[PDB]
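Here's a solo chain for you in structure tokens, the form deposited in one PDB entry.
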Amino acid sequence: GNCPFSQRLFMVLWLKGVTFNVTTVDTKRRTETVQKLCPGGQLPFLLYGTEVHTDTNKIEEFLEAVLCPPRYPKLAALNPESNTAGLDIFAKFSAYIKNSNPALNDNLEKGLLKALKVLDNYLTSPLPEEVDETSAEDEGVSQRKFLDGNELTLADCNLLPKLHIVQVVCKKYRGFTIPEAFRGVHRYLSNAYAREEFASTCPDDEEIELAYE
């Protein structure tokens, strides 16, 4: 499976309150170390067509259990749906970007769009906690910042690195962007990119670009 020393784990650490030094020297030392620890590859692998969408990170499980309340905040989502929202996106991305037959590109692109749209609908439908909240402009449209509410959870730690990779690699190598009509996905990514826990653990475009040549 995937290298467990990943942006997902970095986000978990930062959200637990265990932050890193934010310098290029630290980025390099971290990257070199993870290269040693995960010689087979450090960013999440592309999936094959029939693969289930699980991606267990044992170190994440350890940290959530042992770095726990009261000393550390609990990061697990409250709504089970949050833990599966968008999970198929990296898979649809994988099939789309691995394909070099132009004849299959349209069906595969639509597959990725459709999985994005499913996420968008999750992001724009109210969660239980929102039942008596008032939407800003359109009745019954969710305005929460992240998957499970207004706080980052474990579910966001897995999804956002992957979504960010999808965006960088598709933009670079296909000229594909996530439609602006997916307002929930764009709000989500905008709120995420504004959080140091995501932005400071983000690999620069060049590391992502080179990873997926």
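Basically, rigid core = biggest C-alpha set you can superpose within 1.5 Å across the two forms. In this text, residue numbers run from 1 along the sequence as written.
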Comparing average C-alpha B factors as deposited, tell me which of 5 to 13 and 20 to 28 sits higher. 20 to 28
61 to 69 versus 41 to 49 - which carries the larger mean C-alpha B factor in the record: 41 to 49
Return the residue from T177, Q35, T56, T153 that has the highest Cα B-factor in the entry. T177
Reading the B-factor column of the entry, which of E81, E137, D120, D88 has the highest value at its C-alpha atom? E137
Looking at the entry's B-factor column for C-alpha atoms only, identify whether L104 ranks in the lowest, middle or highest third of its chain. highest
Modelled-residue ranking by C-alpha temperature factor, third containing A115: lowest
Of the three thirds of the chain ranked by Cα temperature factor, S142 occupies the middle
Could you look up the Cα B-factor of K162 in the entry and say which third of the chain it sits in: lowest, middle or highest? lowest
Using the temperature factors of the C-alpha atoms in this entry, rank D205 within its chain: lowest, middle or highest third. highest
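One more form of this protein, deposited in another entry, exists but is not displayed; see below.
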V166: Cα shift of 2 Å or greater between the shown form and the other one (core-aligned): no
Did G49 shift 2 Å or more between the shown form and the other one, C-alpha, core superposed: yes
Would you tell me if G40 moves between the shown form and the other one by 2 Å or more at its C-alpha, with the rigid core held superposed? yes
With a shift of at least 3 angstroms, figure out whether the C-alpha spacing between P44 and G184 grows or shrinks in that other deposited form: closer or farther? farther
Considering a change of 3 Å or more, are the Cα atoms of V22 and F10 closer or farther in that other deposited form than here? closer
